[PDB]
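Structure record follows, encoded as structure tokens.
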Amino acid sequence: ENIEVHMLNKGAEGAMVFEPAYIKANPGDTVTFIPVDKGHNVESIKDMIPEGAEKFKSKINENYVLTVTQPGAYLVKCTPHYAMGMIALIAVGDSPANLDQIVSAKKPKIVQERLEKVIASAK
Ligand SMILES: [Cu+2]
Numbered sequence: 001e002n003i004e005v006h007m008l009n010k011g012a013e014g015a016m017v018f019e020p021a022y023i024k025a026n027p028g029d030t031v032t033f034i035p036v037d038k039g040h041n042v043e044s045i046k047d048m049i050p051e052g053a054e055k056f057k058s059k060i061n062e063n064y065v066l067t068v069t070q071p072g073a074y075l076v077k078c079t080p081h082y083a084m085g086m087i088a089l090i091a092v093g094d095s096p097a098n099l100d101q102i103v104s105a106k107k108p109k110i111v112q113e114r115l116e117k118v119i120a121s122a123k
């Protein structure tokens, strides 16, 4: 099935956000990213996607449909606003093997704080 995500300049958690920021899906599902405001895109983060999944990067302002195949956790960012915290976590299948690794990886402090919130309060 399909899960729709919006990219906004301002939302429930503050400025520059993906809503929802926690996406639960299964292999074969699609995630459709819709920039409701301009200036946003979606890009997989290096070493924060599962082992055999392909990297991806959309163009700014375009609607992008991601098909997810490999199970595991994926942290995606908005390229321009990553440093301002704009990320989302996609969890494919149950108990994603790489989730603790992604939570521990090096990333901006603001990113880390939002990630921690979404895993607690968004799961
Ligand atoms: Cu953005």
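Residues in the sequence shown are numbered from 1 upward in steps of one, following the authors' numbering.
Virtual Cβ for every residue (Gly too), placed ideally from N, Cα, C.
What's the C-alpha gap between residue i and residue j?
i	j	result
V65	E4	9 Å
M48	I90	11 Å
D94	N61	32 Å
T67	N98	19 Å
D100	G28	24 Å
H6	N63	10 Å
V111	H81	10 Å
Quick check: is any heavy atom of ligand 1 less than 7 Å from the C-beta of residue i?
i	result
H6	no
Is the beta carbon of residue j closer than 8 Å to that of residue i?
i	j	result
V36	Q70	no
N9	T32	no
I87	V76	yes
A73	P108	no
Original post:
Any contact of the segment 20 to 30 with the segment 41 to 57, i.e. 3+ C-beta pairs under 8 Å?
Top reply: no
**OP:** With ligand 1 as the reference, list in chain order each residue whose Cβ lies under 5 Å from any of its heavy atoms.
**Re:** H40, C78, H81, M86
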